[PDB]
């Protein structure tokens, strides 16, 4: 609970300290990168993570819509080009889907997206729509915290995904530099740390939803049906 404004370097350290709560520490993530995850768990992960990825560009556009500074927009738009392509990351993820046995329609349809994942992700969007652009922009800085096994995974799609993700052009540090410039009072600094925590909560909550469904055999409505019964529509956009 910051009492006296921290310096920019010290603030950066505090922000980086929040990485301790990054989602790589979630048992579900651990199990996937341990090879202890089942195939159900893997396909679930890709389908659900895809929703996040298709939301990012909407989230970034929301930020731009709220940002009257042309130079900031000139940088921010590169995030949208990265995701949308013109291949792009959405496309790269479609290839990973294929590699793990899911069709493009399976993914594009968003039919497999668990409501807990949806709500967590949409929270990110709705923050970006409503928050001052600086705050929303800064929340992107968690990207700084970043099979075989699984023989059944198609090498070619994989490498394809891994590879497309590697040509992104956005300035991943932008959020950080902004936060250090913008958060120049104790009050802003504490609030920024809480915004970071919000973002970390989104990522952890996505994984909790996946844990319940694919690892604990407790998907939505499991006591009442064996079919997927959850809503599958971005109701206010579609």
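Positions refer to the first chain, counted from 1.
Coordinates are given for every deposited residue between residue 132 and residue 133; the gap count there is zero. The gap between residue 86 and residue 87 holds 1 to 3 unmodelled residues of the deposited sequence. For the pair 90-98 and 109-117, the record assigns the higher mean C-alpha temperature factor to 90-98. Relative to one another, 198-206 and 23-31 have unequal mean CA B-factors, and 23-31 is the one with the higher figure.
The maximum CA B-factor among the listed residues 80, 146, 137, 125, taken from the PDB record, is found at 146.
Among the modelled residues of its chain, residue 39 has a C-alpha B-factor that falls in the highest third according to the deposited record. For residue 186, the recorded CA temperature factor ranks within the highest third of the chain's modelled residues. For residue 169, the recorded CA temperature factor ranks within the highest third of the chain's modelled residues.
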